[PDB]
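Colleague: Here we go, the starting part of the complex in its complex frame:
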Amino acid sequence: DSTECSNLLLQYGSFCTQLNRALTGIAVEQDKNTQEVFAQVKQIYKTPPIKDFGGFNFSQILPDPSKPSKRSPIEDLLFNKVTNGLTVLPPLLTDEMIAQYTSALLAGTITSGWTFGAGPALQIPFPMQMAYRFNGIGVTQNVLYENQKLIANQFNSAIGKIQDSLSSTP
């Protein structure tokens, strides 16, 4: 609040304008980064009420209705595990909207595979989508269909191990 200090500071020119401009550029850049990463879909997709995906369990990654924040158990664990003229500007996208974007991406990739990323979302059963992915890596569809229960059990076990590993590693 010193007037004399500001009067002496004016002799140095537009340094303060440069610093404010650079900080403003960084602040808008962070919001641009968040838009680029998360806002890649213009449709907010939602999962069907009945979670019949041919044995595949997505409860640990889909949003929990019981939680007020509408986050997944994995996302909730992630948020729990992260802990003089200065001001902190809030992010343009809040945590619930970012969670909503992730939920839309999850719903699109579960119900429509990769179709929603290239155009209109085309529905496909999840085992058939997994079979398409199997064909992508050079494994025939029959292997997926014959061993569907084993693949679903392995996927569920791996997702559970992911949650345990995140909860158990500092």
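Modeller: Happy to help now that I have it. Numbers count the residues shown, from 1 in each chain, chains lettered A, B, ... in the order given.
Colleague: wait, doesn't residue A:101 sit right on residue A:38?
Modeller: Yes. In this structure, residue A:101 is within contact of residue A:38 by C-beta atoms under 8 Å, at 4.3 Å. No exception for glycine: its C-beta is placed from N, CA and C like everyone else's.
Colleague: Residue A:129 against residue A:108, yeah?
Modeller: No. Judged on C-beta under 8 Å, residue A:129 makes no contact with residue A:108 at a distance of 11.5 Å.
Colleague: picking up where we left off before, any common contacting residues for residue A:101 and residue A:38?
Modeller: Shared contacts of residue A:101 and residue A:38, defined by C-beta atoms under 8 Å, 6 or more residues apart in numbering, comprise residue A:93.
Colleague: measure the nearest residue to residue A:54 once chain neighbours are set aside to residue A:91 for me?
Modeller: In space, residue A:54 comes closest to residue A:127 once its chain neighbours are excluded; the distance is 4.3 Å by C-beta to C-beta, 6 or more residues apart in numbering. Using C-beta to C-beta, to the nearest Å, residue A:127 is found at 39 Å from residue A:91.
Colleague: tell me the secondary structure for residue A:89?
Modeller: coil (DSSP: H, G, I helix; E, B strand; the rest coil).
Colleague: Test my guess that it contacts residue A:27.
Modeller: Yes. Contact criterion C-beta under 8 Å: residue A:89 and residue A:27 qualify, at 5.5 Å.
Colleague: These two - which one has more neighbours?
Modeller: residue A:27 (14 against 11; other C-beta atoms under 10 Å).
Colleague: Another chain to add, chain B:
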Amino acid sequence: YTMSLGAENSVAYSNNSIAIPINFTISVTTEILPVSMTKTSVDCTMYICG
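Modeller: Placed with the earlier chains, chain B looks like this:
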């Protein structure tokens, strides 16, 4: 206002239904990428001292 992320689109998922396209659109989109800047040189002696 509170911003809207996107229009809601509930995909009609079921265990035995698929959606197959009957048509296509040839879409051309633009992507602008900067490559170079203006090449500026500053004579340090002449700038500071003339």
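Colleague: Buried residues of the longest helix along chain A, list them for me.
Modeller: Looking across chain A with DSSP state H, the single longest helix is helix A:15-38. For helix A:15-38, the neighbour count (16 or more other C-beta atoms under 10 Å in any protein chain shown) marks A:34, A:38 as buried.
Colleague: what separates the helix or strand just after that helix from the chain centre, distance-wise?
Modeller: Sequence order places strand A:43-46 as the next helix or strand after helix A:15-38, per DSSP states H and E. Distance, stretch centre to chain centre, for strand A:43-46: 14 Å (C-alpha atoms, centre = their mean, to the nearest Å).
Colleague: cool, stretch A:95-111 as well?
Modeller: On C-alpha atoms, centre = their mean, the centre of stretch A:95-111 falls 7 Å from the chain's centre.
Colleague: which outside residues touch that stretch?
Modeller: Under the criterion C-beta atoms under 8 Å, 6 or more residues apart in numbering or on different chains, residues A:34, A:38-41, A:43-48, A:53, A:58, A:61-63, A:69-72, A:75, A:79, A:93, A:116-117, A:121, A:123-124, A:126, B:3, B:5-6, B:11, B:13 lie in contact with stretch A:95-111.
Colleague: Also stretch A:121-138?
Modeller: So stretch A:121-138 is contacted by A:43, A:45, A:53-54, A:56, A:108, A:110-113, A:115-116, A:140-141, A:143-145, A:148, A:151, B:9, B:11-21 (C-beta under 8 Å, 6+ apart).
Colleague: Kindly incorporate the sequence below as chain C:
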Amino acid sequence: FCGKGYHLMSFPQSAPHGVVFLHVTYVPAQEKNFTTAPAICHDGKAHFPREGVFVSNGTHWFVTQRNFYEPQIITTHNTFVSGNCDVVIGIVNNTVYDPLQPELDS
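Modeller: If we add chain C to the chains shown above, we get the following:
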């Protein structure tokens, strides 16, 4: 990476201190619902699509490419046999045509 949609080609254009890429992409449109099955049960054998998917318009079963609707008759050539019908969940019963059958029929 090269435009929104399935990338077909791109064209470069010069710009002041920059480049403009015109990405020509293929976008699916006018989608239609069909009834689908993982496999077709014929003669106690399970048939799976070689390059496409099984679709049904309500009464008849066909195999079509995934990105465009072009129904074709489910033949021996376009499907591959792996196992019986007891393992695959959701297999439906339908005939599989043989193009060799009229040759020895005549």
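Colleague: now with chain C: the contacts of stretch A:121-138?
Modeller: Looking at what lies outside stretch A:121-138 - C-beta under 8 Å, 6+ apart - the contacts are A:43, A:45, A:53-54, A:56, A:108, A:110-113, A:115-116, A:140-141, A:143-145, A:148, A:151, B:9, B:11-21, C:28, C:31, C:36, C:38, C:53, C:66, C:89-90.
Colleague: sorry, back to before: quick one: is the longest helix of chain A near chain B?
Modeller: No. With C-beta under 8 Å from any C-beta of the partner chain as the criterion, chain B is not reached by helix A:15-38; the gap is at least 9.3 Å.
Colleague: mind listing what the residue sitting nearest the centre point of chain B touches?
Modeller: Centroid-nearest residue in chain B: residue B:31, 7.0 Å away (criterion: C-alpha atoms, centre = their mean). Counting by C-beta under 8 Å, 6+ apart, residue B:31 touches C:3, C:20-21, C:23.
Colleague: Can you point out the buried residues in the longest strand along chain C?
Modeller: Ranked by number of residues, the top strand in chain C under DSSP state E is strand C:18-37. Neighbour-count burial for strand C:18-37 flags C:23-28, C:31, C:34, C:36-37 (criterion: 16+ other C-beta under 10 Å).
Colleague: the helices in chain B, which residues?
Modeller: B:44-49.
Colleague: Enumerate the residues of it near chain A.
Modeller: Counting by C-beta under 8 Å from any C-beta, chain B sits next to chain A at B:3, B:5-21.
Colleague: before we move on, back to that, any of the contacts of stretch A:121-138 buried? List them.
Modeller: Buried among the contacts of stretch A:121-138 (16+ other C-beta under 10 Å): A:43, A:45, A:53-54, A:56, A:108, A:110-113, A:115-116, A:141, A:144-145, A:148, A:151, B:9, B:11, B:13, B:15, B:18-21, C:28, C:31, C:36, C:38, C:53, C:66, C:90.
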